[PDB]
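Raw protein19.cif, mmCIF, C-alpha atoms:
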data_entry
loop_
_atom_site.label_atom_id
_atom_site.label_comp_id
_atom_site.auth_asym_id
_atom_site.auth_seq_id
_atom_site.Cartn_x
_atom_site.Cartn_y
_atom_site.Cartn_z
CA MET A 1 -9.05 178.16 128.40
CA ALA A 2 -7.21 180.66 130.62
CA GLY A 3 -8.50 184.09 131.55
CA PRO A 4 -12.02 185.52 131.19
CA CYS A 5 -11.30 187.33 127.88
CA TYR A 6 -12.12 184.51 125.46
CA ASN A 7 -14.18 185.05 122.31
CA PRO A 8 -15.19 181.71 120.77
CA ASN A 9 -16.56 183.42 117.65
CA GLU A 10 -13.00 184.69 117.06
CA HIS A 11 -11.08 181.40 117.35
CA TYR A 12 -13.40 178.87 115.66
CA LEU A 13 -13.95 179.10 111.92
CA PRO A 14 -17.52 178.87 110.56
CA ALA A 15 -18.13 175.38 109.22
CA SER A 16 -19.20 174.68 105.64
CA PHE A 17 -19.20 171.99 102.96
CA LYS A 18 -19.19 172.50 99.18
CA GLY A 19 -20.04 176.15 99.88
CA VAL A 20 -23.27 175.68 101.88
CA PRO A 21 -22.94 177.08 105.42
CA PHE A 22 -24.09 175.03 108.38
CA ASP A 23 -23.90 175.32 112.16
CA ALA A 24 -21.25 173.08 113.71
CA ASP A 25 -21.52 171.66 117.22
CA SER A 26 -18.46 169.40 117.64
CA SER A 27 -15.07 168.81 116.06
CA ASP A 28 -12.90 165.68 116.22
CA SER A 29 -10.12 164.18 114.11
CA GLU A 30 -7.85 161.15 113.91
CA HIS A 31 -4.20 161.03 112.86
CA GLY A 32 -1.41 158.49 113.18
CA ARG A 33 1.32 156.56 111.42
CA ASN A 34 1.51 152.98 110.18
CA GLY A 35 4.01 150.74 111.97
CA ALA A 36 5.30 147.20 111.48
CA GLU A 37 6.41 146.24 114.98
CA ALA A 38 7.98 142.78 115.22
CA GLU A 39 9.14 140.62 118.12
CA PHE A 40 11.43 137.62 117.64
CA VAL A 41 11.53 134.23 119.37
CA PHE A 42 13.59 133.72 122.55
CA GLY A 43 14.87 137.29 122.08
CA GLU A 44 15.10 140.11 124.61
CA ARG A 45 15.02 142.81 121.90
CA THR A 46 12.28 144.06 119.58
CA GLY A 47 12.15 146.05 116.35
CA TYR A 48 10.11 148.57 114.39
CA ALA A 49 9.70 149.88 110.86
CA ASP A 50 7.81 152.79 109.33
CA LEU A 51 5.40 152.13 106.46
CA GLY A 52 3.83 155.55 105.79
CA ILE A 53 1.18 157.98 106.96
CA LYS A 54 -2.31 156.97 108.05
CA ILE A 55 -5.42 158.36 106.38
CA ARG A 56 -7.14 161.05 108.44
CA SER A 57 -10.83 161.20 109.33
CA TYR A 58 -13.11 163.92 110.69
CA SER A 59 -16.45 163.78 112.51
CA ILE A 60 -18.81 166.71 113.07
CA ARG A 61 -22.22 167.28 114.65
CA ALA A 62 -24.74 169.89 113.49
CA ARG A 63 -27.79 171.48 115.12
CA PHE A 64 -30.75 173.18 113.44
CA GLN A 65 -32.92 175.34 115.70
CA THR A 66 -34.25 178.14 113.49
CA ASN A 67 -37.82 178.26 112.25
CA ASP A 68 -38.66 175.60 109.66
CA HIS A 69 -35.64 173.42 110.39
CA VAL A 70 -37.01 170.51 108.35
CA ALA A 71 -36.49 172.36 105.06
CA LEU A 72 -32.92 173.44 105.85
CA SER A 73 -32.08 170.03 107.31
CA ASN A 74 -33.77 168.18 104.45
CA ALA A 75 -32.15 170.50 101.90
CA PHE A 76 -28.69 169.98 103.41
CA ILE A 77 -28.92 166.19 103.11
CA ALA A 78 -29.23 166.67 99.35
CA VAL A 79 -25.71 168.14 99.40
CA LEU A 80 -24.01 165.36 101.38
CA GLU A 81 -25.32 162.89 98.78
CA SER A 82 -23.95 164.85 95.82
CA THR A 83 -21.42 162.88 93.80
CA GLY A 84 -17.73 163.47 94.39
CA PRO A 85 -15.69 165.15 97.12
CA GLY A 86 -15.58 168.85 97.89
CA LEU A 87 -14.00 171.50 100.06
CA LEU A 88 -14.70 171.28 103.79
CA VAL A 89 -14.02 174.11 106.25
CA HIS A 90 -13.28 172.26 109.47
CA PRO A 91 -13.98 174.51 112.48
CA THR A 92 -10.44 174.02 113.85
CA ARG A 93 -8.42 172.15 111.19
CA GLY A 94 -9.09 174.75 108.49
CA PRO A 95 -10.09 174.13 104.88
CA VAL A 96 -9.55 170.53 103.75
CA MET A 97 -10.96 168.26 101.05
CA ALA A 98 -13.14 165.40 102.25
CA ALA A 99 -15.92 163.05 101.15
CA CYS A 100 -18.89 162.21 103.35
CA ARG A 101 -18.93 158.56 104.41
CA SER A 102 -22.12 158.37 106.50
CA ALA A 103 -24.71 160.55 108.22
CA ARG A 104 -27.35 159.72 110.84
CA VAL A 105 -30.25 162.16 111.18
CA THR A 106 -32.07 162.07 114.53
CA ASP A 107 -35.44 163.65 115.26
CA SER A 108 -38.59 163.17 117.33
CA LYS A 109 -42.09 164.63 117.42
CA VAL A 110 -42.96 164.30 121.13
CA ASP A 111 -39.61 163.90 122.89
CA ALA A 112 -37.94 166.87 121.16
CA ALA A 113 -39.94 168.90 118.63
CA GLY A 114 -38.22 171.88 117.03
CA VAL A 115 -34.57 170.77 116.78
CA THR A 116 -32.81 168.35 114.43
CA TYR A 117 -29.38 166.80 115.00
CA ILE A 118 -27.24 165.15 112.33
CA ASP A 119 -23.94 163.34 112.87
CA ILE A 120 -21.39 163.12 110.05
CA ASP A 121 -18.24 161.12 109.33
CA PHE A 122 -15.83 162.68 106.83
CA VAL A 123 -12.71 161.20 105.22
CA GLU A 124 -9.77 162.99 103.63
CA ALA A 125 -9.82 162.60 99.84
CA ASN A 126 -6.94 163.86 97.70
CA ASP A 127 -7.42 163.84 93.93
CA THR A 128 -5.36 161.38 91.90
CA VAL A 129 -4.77 160.92 88.18
CA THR A 130 -6.30 157.92 86.40
CA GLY A 131 -3.11 156.40 84.95
CA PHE A 132 -1.95 155.01 88.31
CA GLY A 133 0.88 157.53 88.33
CA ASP B 228 -3.21 115.16 120.21
CA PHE B 229 -3.44 112.06 118.04
CA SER B 230 -5.38 110.60 115.12
CA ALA B 231 -5.16 106.89 114.29
CA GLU B 232 -6.62 105.23 111.21
CA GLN B 233 -7.17 101.89 109.47
CA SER B 234 -8.23 102.14 105.82
CA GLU B 235 -9.17 99.01 103.86
CA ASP B 236 -8.90 100.76 100.48
CA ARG B 237 -5.08 100.43 100.50
CA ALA B 238 -4.56 96.74 101.31
CA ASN B 239 -4.33 93.54 99.30
CA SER B 240 -4.23 89.95 100.56
CA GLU B 241 -2.45 88.56 97.47
CA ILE B 242 0.00 90.37 95.18
CA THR B 243 1.29 88.86 91.93
CA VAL B 244 4.29 89.85 89.81
CA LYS B 245 5.35 89.16 86.23
CA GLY B 246 8.41 89.91 84.12
CA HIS B 247 10.71 88.45 81.49
CA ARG B 248 14.40 87.56 81.79
CA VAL B 249 17.19 89.41 80.01
CA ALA B 250 20.20 87.25 80.84
CA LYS B 251 23.01 86.61 78.37
CA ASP B 252 21.25 83.54 76.93
CA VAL B 253 17.75 82.91 78.29
CA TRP B 254 14.69 82.56 76.09
CA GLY B 255 11.61 80.49 75.36
CA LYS B 256 9.57 79.14 78.25
CA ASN B 257 12.38 79.85 80.73
CA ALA B 258 12.30 83.62 80.03
CA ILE B 259 8.63 84.28 79.14
CA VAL B 260 6.17 82.20 81.16
CA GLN B 261 8.37 80.70 83.87
CA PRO B 262 9.19 83.84 85.96
CA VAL B 263 6.07 84.27 88.10
CA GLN B 264 5.89 84.53 91.88
CA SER B 265 3.15 85.28 94.41
CA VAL B 266 3.37 86.75 97.92
CA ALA B 267 0.55 87.19 100.43
CA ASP B 268 0.13 89.36 103.52
CA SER B 269 -2.34 87.15 105.48
CA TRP B 270 -3.24 90.01 107.86
CA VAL B 271 -6.23 91.08 105.76
CA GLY B 272 -8.99 88.49 106.03
CA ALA B 273 -10.57 89.28 102.66
CA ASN B 274 -9.82 88.58 98.99
CA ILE B 275 -8.48 91.69 97.25
CA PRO B 276 -6.17 90.36 94.51
CA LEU B 277 -3.57 92.56 92.83
CA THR B 278 -1.16 92.02 89.95
CA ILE B 279 1.99 93.98 89.09
CA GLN B 280 4.41 94.12 86.17
CA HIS B 281 8.17 94.14 86.77
CA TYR B 282 10.41 96.76 85.14
CA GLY B 283 13.77 95.04 84.89
CA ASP B 284 15.49 91.68 84.54
CA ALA B 285 13.10 89.35 86.35
CA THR B 286 14.66 86.93 88.83
CA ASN B 287 12.76 84.68 91.22
CA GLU B 288 14.55 86.33 94.15
CA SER B 289 13.96 89.85 92.82
CA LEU B 290 10.27 89.12 92.22
CA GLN B 291 9.66 88.53 95.93
CA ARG B 292 11.74 91.54 96.98
CA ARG B 293 9.51 93.81 94.89
CA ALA B 294 6.50 92.00 96.35
CA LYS B 295 7.73 92.59 99.90
CA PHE B 296 8.42 96.27 99.19
CA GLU B 297 4.80 96.74 98.14
CA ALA B 298 3.62 94.83 101.21
CA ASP B 299 5.54 97.08 103.61
CA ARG B 300 4.30 100.19 101.81
CA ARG B 301 0.67 99.04 101.86
CA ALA B 302 0.89 97.86 105.47
CA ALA B 303 2.34 101.16 106.68
CA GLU B 304 -0.20 103.18 104.69
CA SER B 305 -3.04 101.31 106.45
CA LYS B 306 -2.02 102.26 110.01
CA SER B 307 -0.87 105.88 109.76
CA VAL B 308 -0.77 107.77 113.07
CA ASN B 309 -0.18 111.38 114.06
CA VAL B 310 0.98 112.78 117.40
CA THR B 311 1.88 116.16 118.89
CA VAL B 312 4.38 116.26 121.75
CA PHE B 313 4.59 119.93 122.74
CA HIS B 314 8.18 120.84 123.63
CA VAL B 315 10.98 120.00 121.20
CA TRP B 323 15.93 112.26 118.20
CA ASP B 324 15.74 111.07 114.59
CA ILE B 325 13.39 109.37 112.16
CA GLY B 326 13.20 105.61 111.80
CA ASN B 327 13.67 105.24 115.56
CA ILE B 328 11.83 102.72 117.74
CA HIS B 329 9.29 103.97 120.28
CA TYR B 330 6.66 102.48 122.56
CA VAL B 331 3.15 103.93 122.54
CA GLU B 332 0.10 103.57 124.77
CA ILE B 333 -3.38 104.67 123.71
CA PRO B 334 -5.73 102.41 125.72
CA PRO B 335 -8.87 104.08 124.30
CA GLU B 336 -8.10 102.44 120.95
CA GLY B 337 -5.74 99.85 122.44
CA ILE B 338 -2.31 100.69 121.01
CA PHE B 339 0.29 98.58 122.81
CA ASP B 340 2.67 97.90 119.91
CA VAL B 341 6.14 99.07 118.93
CA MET B 342 6.27 101.79 116.28
CA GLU B 343 8.82 103.19 113.83
CA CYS B 344 8.66 106.93 113.21
CA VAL B 345 8.41 107.85 109.53
CA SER B 346 8.43 111.67 109.63
CA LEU B 347 9.47 114.46 111.97
CA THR B 348 8.68 118.17 112.13
CA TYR B 349 9.82 121.05 114.35
CA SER B 350 7.69 124.20 114.32
CA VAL B 351 8.03 127.50 116.19
CA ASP B 352 6.09 130.75 116.38
CA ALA B 353 6.55 134.31 117.59
CA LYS B 354 3.83 133.68 120.19
CA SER B 355 5.89 130.95 121.95
CA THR B 356 3.90 128.06 120.41
CA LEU B 357 6.43 125.24 120.16
CA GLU B 358 5.34 121.82 118.92
CA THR B 359 6.54 118.67 117.17
CA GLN B 360 4.77 116.07 115.06
CA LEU B 361 5.27 112.41 114.20
CA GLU B 362 3.88 110.02 111.59
CA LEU B 363 4.43 106.66 113.30
CA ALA B 364 3.62 103.31 111.67
CA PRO B 365 4.26 99.66 112.64
#
For this file, write the structure as structure tokens.
Amino acid sequence: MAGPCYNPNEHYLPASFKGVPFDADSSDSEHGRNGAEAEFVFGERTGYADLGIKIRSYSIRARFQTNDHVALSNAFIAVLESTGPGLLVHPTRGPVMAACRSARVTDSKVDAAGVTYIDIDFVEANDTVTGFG
Amino acid sequence: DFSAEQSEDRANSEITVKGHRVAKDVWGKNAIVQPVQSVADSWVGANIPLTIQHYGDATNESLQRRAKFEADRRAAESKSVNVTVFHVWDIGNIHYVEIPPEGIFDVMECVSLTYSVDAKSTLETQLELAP
């Protein structure tokens, strides 16, 4: 950023998922739009057509440093595995609804004892009725 | 590319035909048992007899014509070839071929033709030659 008067605690929202706070360490996203580009034979001109919006996806990384991190880390995994989607407070994208798609928990006893990292991979999930519309 | 073939399951050394006559006034032995004719290929060196029934007014000339039609069909079916000639006149034409690996040195008559194109420039053309 520009200038020495930044305050990161003031610009980044505190992460969360289904109401349980957790400490965020990274914030990515993916957007786009579905195309149908086509090129003819012997032709010097091409074409394009729009087919709709592409499904988003978010990825976050969390760190646990406080005393007894295994309990908090182990207790948080029990929330990611809960059935159904729930509200997610993305640090920069604001509150959105997403469903966890995977999570890799890394840890060591001799290389790094006292800190647990966990990567996540969220997907946007908007509720839909059951009568196919 | 190419793919030759010679299948023995579609050949017959001797074909026989049968059929009655329906002329204005023909009957008895001249319209029941008399009209029979046999035609042989002589290219196959085995005995694979066949017999056919005629759907029409049998005539000794027409019996052989049906027999020949079957012979040409069977002969062509036993020497089917395929070829691909990359860049892109008509069917039934007369071509010369040369595939020394199998020893093709005989005139051919094309039986089918196909032009195909693709968005990725892949032009081709196929043939179904037969002697």
I would like the residues chosen by the PyMOL selection byres ((chain B) within 10 of (chain A)) on the shown file; could you give them as a list in words?
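Checking the PyMOL selection byres ((chain B) within 10 of (chain A)) against this file, the residues are residues 351, 352, 353, 354, 355 and 356 of chain B.
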Identify all residues satisfying the PyMOL selection byres ((chain B and resi 282-292) around 10) in the given file; provide them as JSON, numbers by chain.
{"B": [242, 243, 244, 245, 246, 247, 248, 249, 250, 258, 259, 261, 262, 263, 264, 265, 266, 279, 280, 281, 293, 294, 295, 296, 297, 298]}
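Between atom CA of residue A:34 and atom CA of residue A:61 the interatomic distance comes to 28.1 Å.
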Expected selection from the PyMOL selection byres ((chain A and resi 27-30) around 12), given as a PDB file with C-alpha atoms, in the coordinates of the input:
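Contents of result-v5.pdb, freshly written:
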ATOM      1  CA  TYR A  12     -13.400 178.870 115.660  1.00  0.00           C
ATOM      2  CA  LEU A  13     -13.950 179.100 111.920  1.00  0.00           C
ATOM      3  CA  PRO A  14     -17.520 178.870 110.560  1.00  0.00           C
ATOM      4  CA  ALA A  15     -18.130 175.380 109.220  1.00  0.00           C
ATOM      5  CA  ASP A  23     -23.900 175.320 112.160  1.00  0.00           C
ATOM      6  CA  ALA A  24     -21.250 173.080 113.710  1.00  0.00           C
ATOM      7  CA  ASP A  25     -21.520 171.660 117.220  1.00  0.00           C
ATOM      8  CA  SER A  26     -18.460 169.400 117.640  1.00  0.00           C
ATOM      9  CA  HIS A  31      -4.200 161.030 112.860  1.00  0.00           C
ATOM     10  CA  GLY A  32      -1.410 158.490 113.180  1.00  0.00           C
ATOM     11  CA  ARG A  33       1.320 156.560 111.420  1.00  0.00           C
ATOM     12  CA  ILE A  53       1.180 157.980 106.960  1.00  0.00           C
ATOM     13  CA  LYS A  54      -2.310 156.970 108.050  1.00  0.00           C
ATOM     14  CA  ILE A  55      -5.420 158.360 106.380  1.00  0.00           C
ATOM     15  CA  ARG A  56      -7.140 161.050 108.440  1.00  0.00           C
ATOM     16  CA  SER A  57     -10.830 161.200 109.330  1.00  0.00           C
ATOM     17  CA  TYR A  58     -13.110 163.920 110.690  1.00  0.00           C
ATOM     18  CA  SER A  59     -16.450 163.780 112.510  1.00  0.00           C
ATOM     19  CA  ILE A  60     -18.810 166.710 113.070  1.00  0.00           C
ATOM     20  CA  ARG A  61     -22.220 167.280 114.650  1.00  0.00           C
ATOM     21  CA  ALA A  62     -24.740 169.890 113.490  1.00  0.00           C
ATOM     22  CA  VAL A  89     -14.020 174.110 106.250  1.00  0.00           C
ATOM     23  CA  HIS A  90     -13.280 172.260 109.470  1.00  0.00           C
ATOM     24  CA  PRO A  91     -13.980 174.510 112.480  1.00  0.00           C
ATOM     25  CA  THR A  92     -10.440 174.020 113.850  1.00  0.00           C
ATOM     26  CA  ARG A  93      -8.420 172.150 111.190  1.00  0.00           C
ATOM     27  CA  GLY A  94      -9.090 174.750 108.490  1.00  0.00           C
ATOM     28  CA  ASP A 119     -23.940 163.340 112.870  1.00  0.00           C
ATOM     29  CA  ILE A 120     -21.390 163.120 110.050  1.00  0.00           C
ATOM     30  CA  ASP A 121     -18.240 161.120 109.330  1.00  0.00           C
ATOM     31  CA  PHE A 122     -15.830 162.680 106.830  1.00  0.00           C
ATOM     32  CA  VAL A 123     -12.710 161.200 105.220  1.00  0.00           C
ATOM     33  CA  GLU A 124      -9.770 162.990 103.630  1.00  0.00           C
TER      34      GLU A 124
END
What does the structure give for the distance between atom CA of residue B:274 and atom CA of residue B:232, in Å to one decimal?
20.9 Å
Which of B:327, B:240, B:360, B:257 sits closest to residue B:308 [using all atoms listed in the file]:
B:360
Using Å and a single decimal, report how far atom CA of residue B:346 sits from atom CA of residue B:363.
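These two atoms are separated by 7.4 Å.
Candidate residues A:95, A:19, A:114, A:85 were compared for distance to residue A:73, and the nearest is A:114, using only C-alpha atoms.
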